[PDB]
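Numbering (the entry's author numbering), first residue to last: 1 to 85.
A quick write-up on the structure given underneath.
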C-alpha cells in the first residue's frame with residue numbers, strides 16, 4: 001500500500017512560550033499552525049486566542065504559518081504578548 005509519507009517521521013518539538021513572567025515548556029508537531037496553538041492553549045490558560053500574540057525572531061506569526069513556516073524548532077523561545085491580569 002502507498003503509505004502517505006507527508007505526515008510521517010515527525011516528532012514533538014520543545015516550545016518555550018513566555019506568558020509575560022511565566023515560561024511554559026510545550027511539545028507540539030510541525031504539522032500544527034500557530035493558530036492551532038492558540039486553540040490548544042485557550043482551554044488551558046483561558047486567554048483569548050486573538051490576544052495570544054506569538055512573536056518569534058522579533059516577528060509576529062500569522063494564523064496560516066506552521067511551526068516550520070514560523071522558523072520554530074525544539075528549544076525555540078516564543079514571546080507571547082498576553083494577559084496574566
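A virtual CB, placed ideally from N, CA and C, is assigned to each residue, including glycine.
Along the stretch 12-55, the alpha helix (DSSP H) occurs as fully enclosed runs of 4 or more residues at 34-45, listed in sequence order. Residue 80 and residue 9 have their C-alpha atoms some 29 Å from each other.
Comparing C-alpha distances from residue 70 to each of 18, 11, 19 and 35 shows the shortest one belongs to 35.
The Cβ atoms of residue 30 and residue 67 sit closer than 9 Å to each other.
Boundaries for residue 67: no beta strand (DSSP E) harbours it, and the DSSP string shows neither H nor E there. Listed in chain order, the non-local C-beta contacts of residue 52 below 7 Å within the same chain comprise 38, 41, 80 and 82, local neighbours out to five positions each way being set aside. Considering only 63, 7 and 3, the residue with the shortest C-alpha distance to residue 49 is 63.
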